[PDB]
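Here is how names work: the chains are called A, B, and so on, in the same order as the sequence lines, proteins then strands, and each is numbered from 1. No hydrogens, no waters, no symmetry mates; every other heavy atom, side chains included, goes into these values.
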Amino acid sequence: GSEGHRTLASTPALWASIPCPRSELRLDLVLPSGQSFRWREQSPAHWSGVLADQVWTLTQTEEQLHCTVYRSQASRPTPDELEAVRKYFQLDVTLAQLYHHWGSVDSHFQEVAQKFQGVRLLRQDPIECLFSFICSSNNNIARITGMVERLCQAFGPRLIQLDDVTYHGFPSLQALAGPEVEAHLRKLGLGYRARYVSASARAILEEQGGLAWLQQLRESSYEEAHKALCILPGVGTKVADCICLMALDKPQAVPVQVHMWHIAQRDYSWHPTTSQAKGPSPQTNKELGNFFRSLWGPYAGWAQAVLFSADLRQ
DNA sequence: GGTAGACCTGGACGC
DNA sequence: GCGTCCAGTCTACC
Ligand SMILES: [Ca+2]
């Protein structure tokens, strides 16, 4: 009863609602779609993970987003805490307004968007986002998810335990910069990315001015931010774009990887024109990015997630 | 300046 | 069952 991951049906009094139609958000299309790797559908339609240094379980009905927090007496989330959820899902942005625009200037988007509504972008923490995506290169969502889980378990603060799952906060720069972290991460199966994580943690703390440097990027321009990030080991143009888009508030950033290349070729008959190559390359990847920005506008980064999510779900 | 290759790991086909 | 195939970044070299 008071044990294990909660359910809306089982512990009614412990849940609070946030007005939010499914047309505005579909958890099943957002949480497991490569934006964040920290959410699990422990119970059907119920997703749990760490949000703002606390464990939460989220589920939804047609017009409501139901939320519960595990912090000492078990109680429903408070207005303040719920606001933490609204910020995480950037709920002040109306997705229906964005879908309408993208759909009006892109017939193919409109076709796809009819079936995959509610795909929005999570507003993530810089550190978590940086190191999660450093772990993403040349990898698949399933493996990435495990690596990040092992990373947090070995170097992140212990939060609370539900059933046999112990939740951990995301590691700090100091922890990741610690001695012999690479060796350890390597034993956890991060492969060559083990060094990238270690090397990047130290680079930020010992050469860029630390956390302040990363966080300051949220006020910088996309061009600036993307440039700064490419400095770090393991961070190329794709990883830099994912970070800008999902954690540094650069909605025009368009991450280009295998999926967006397939989409561009299959659904837009796209081809590099000013580029020198016919396939993926630093110059062509950049061009593809500009193509989507020119097509969808300032929020091209958000539009991209809709087709990406629909691509995965197929 | 703009390429070819190597690269951790493990679920996938291919045969 | 074994080998190859895949899900970006970095570097040696033209
Ligand atoms: Ca690939």
### Query
In Watson-Crick or G-U wobble terms, both distances under 3.5 Å, what is the partner of B/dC8?
none
### Task
For A/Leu232, answer base if it contacts any base atom (sugar-phosphate contacts may also be present), sugar-phosphate if it contacts only those atoms, and nothing otherwise; contact means non-hydrogen atoms under 4.0 Å.
sugar-phosphate
Extract from the structure each pairing of a protein N or O with an N or O of nucleotides 8-10 of chain B at less than 3.5 Å, listing the distance.
unit_1, atom_1, unit_2, atom_2, d
B/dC8, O4', A/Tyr192, N, 3.3
B/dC8, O2, A/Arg143, NH1, 3.3
B/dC8, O2, A/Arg143, NH2, 2.7
B/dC8, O2, A/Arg193, NH1, 2.7
B/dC8, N3, A/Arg143, NH2, 2.9
B/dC8, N3, A/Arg193, NH2, 2.8
B/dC8, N4, A/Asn138, O, 3.1
B/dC8, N4, A/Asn138, OD1, 3.0
B/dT9, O4', A/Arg143, NH1, 2.7
B/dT9, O4', A/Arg143, NH2, 3.3
B/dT9, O2, A/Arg143, NE, 3.1
B/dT9, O2, A/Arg143, NH2, 3.1

### Query
Does the side chain of A/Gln276 get closer than 4.0 angstrom to OP1 or OP2 of B/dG2 through an N or O atom?
yes
### P-based separation of B/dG2 from C/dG8 [nearest Å]
22 Å
### Query
More 5' along DNA chain C: A/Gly234 or A/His262, using each one's nearest nucleotide?
A/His262
### Task
Whole angstrom is fine here: how far is it from CD1 in A/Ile144 over to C1' in C/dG8?
10 Å
### Message
Tell me which nucleotide, if any, is Watson-Crick or G-U wobble paired with B/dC15 when both distances must be under 3.5 Å.
### Response
none
### side chain to side chain donor-acceptor pair (under 3.5 Å) involving A/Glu128 - partner list, sequence neighbours excluded
A/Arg38
### Message
In this structure, are C/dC6 and C/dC5 stacked, using the six-membered base rings with centres under 5.5 Å and planes under 30°?
### Response
yes
### Message
Determine whether a donor-acceptor pair (N or O, by modelled atom type, separation under 3.5 Å) exists between the side chain of A/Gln257 and the backbone of A/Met260.
### Response
yes
### Message
Tell me if the aromatic rings of A/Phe170 and A/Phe37 count as close, with their centers under 6.0 Å from one another.
### Response
no
### Task
Would you check if there is a donor-acceptor pair between the side chains of A/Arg6 and A/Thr68 at a distance under 3.5 Å?
yes
